[PDB]
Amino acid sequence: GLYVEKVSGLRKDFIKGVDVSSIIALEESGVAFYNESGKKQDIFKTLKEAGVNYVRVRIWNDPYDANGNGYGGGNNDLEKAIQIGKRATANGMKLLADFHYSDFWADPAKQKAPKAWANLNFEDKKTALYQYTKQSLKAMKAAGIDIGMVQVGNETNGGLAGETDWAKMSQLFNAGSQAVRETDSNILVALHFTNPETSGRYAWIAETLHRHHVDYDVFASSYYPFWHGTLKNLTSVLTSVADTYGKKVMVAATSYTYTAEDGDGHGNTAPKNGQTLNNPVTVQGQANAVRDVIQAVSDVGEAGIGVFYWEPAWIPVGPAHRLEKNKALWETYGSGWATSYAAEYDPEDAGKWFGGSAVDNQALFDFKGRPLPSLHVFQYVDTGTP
């Protein structure tokens, strides 16, 4: 069925990554994954066979209330990062450790200090950040994990760990980078931004990072085609960073919709009125979208090192008609994007929107955990379809 056009100029060592941070909370909710032969299999094995070479995991400092009730979103702490890391390593895939330096979702709107850092002055918060990263990386190495890359922050467009001043953010970037450098010289340090479509944003950020002497290897970007402008633009803003500053570049988070259907009863992020949808909302469309983002980063040349698909397997804990039954699983295991317990930390967003998966229709597995044809995109970019 599926067609993929060969990506031209694609380097043989290109990073083909997935962020599957929700996997632990989902397996705990009784969710199962399959190979294309239709038998139960560890998702990491199926990912490997599909030609994935890299796993990304989000790390929240303390994603739990005082009583240890998970904030949800996969309840992603260091302990789960090690679980995920061990499995990735066991399956021949390198790890990208994605430190949010927050107790919950870090994005362009939300960059809240971890609860433990809330009353620290800047010096002490900075050494806490450095100390946390170093300790976290030591634990992962101790677990035998193959770490390829560390992301110091996540979509830090406007802040980091409670800080909004770019001179302060830069010192924080350097605190984390320092920990990585001390751990292993071979680990790539990524910084991760989003909204590449914004006029002169990435030029400004890269210049600011340079002026503040931030030590990093990779300038990473999000790319969701619904809001983030053109592939031509993406290539262009990343090429400018690569050429001007001598940085590697990559896409740290990308996805597309394979269906318009909501598989679990919790409203999905996309597709929606007003979003740019250049591809059909189908398995083929989804594969086109992934192949094209890979093309756009490859087109950067030497410096374009990879693409990570964000959450290819945040599938339903159960069908949409059993919404209220699903809610119990989301609430107990944190297998939706947020639980009600996160209202303490994030009242404005998680407080009003808490629930299930907002991205089940952007998975590369169906609602029942079988791989979609579009999962083959990681192999077929090298060769094209027959």
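Heads up: residue numbers just count along the shown sequence, starting at 1.
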**Prompt:** Which is higher on average in the deposited entry, the C-alpha temperature factors of 271 to 279 or of 175 to 183?
**Reply:** 271 to 279
**Between the two ranges 186 to 194 and 127 to 135, the one averaging a larger CA B factor in the entry** = 127 to 135
**Asked** Going by the entry, which of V55, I59, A358, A342 has the most elevated CA B factor?
**Response** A342
**Message:** Take the CA temperature factors straight from the PDB entry and tell me which of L120, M250, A287, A253 peaks.
**Reply:** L120
**Asked** Where does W227 sit by CA temperature factor within its chain: lowest, middle or highest third?
**Response** highest
**Message:** Ranking the modelled residues of this chain by C-alpha B-factor as given in the entry, is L10 in the lowest, middle or highest third?
**Reply:** highest
**Prompt:** Mind checking which third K16 falls in for C-alpha B-factor across the chain?
**Reply:** lowest
**Message:** Which third, lowest, middle or highest, does the C-alpha temperature factor of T259 belong to within its own chain?
**Reply:** lowest
**Complete:** On the chain's distribution of Cα B-factors, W166 falls within the third called highest
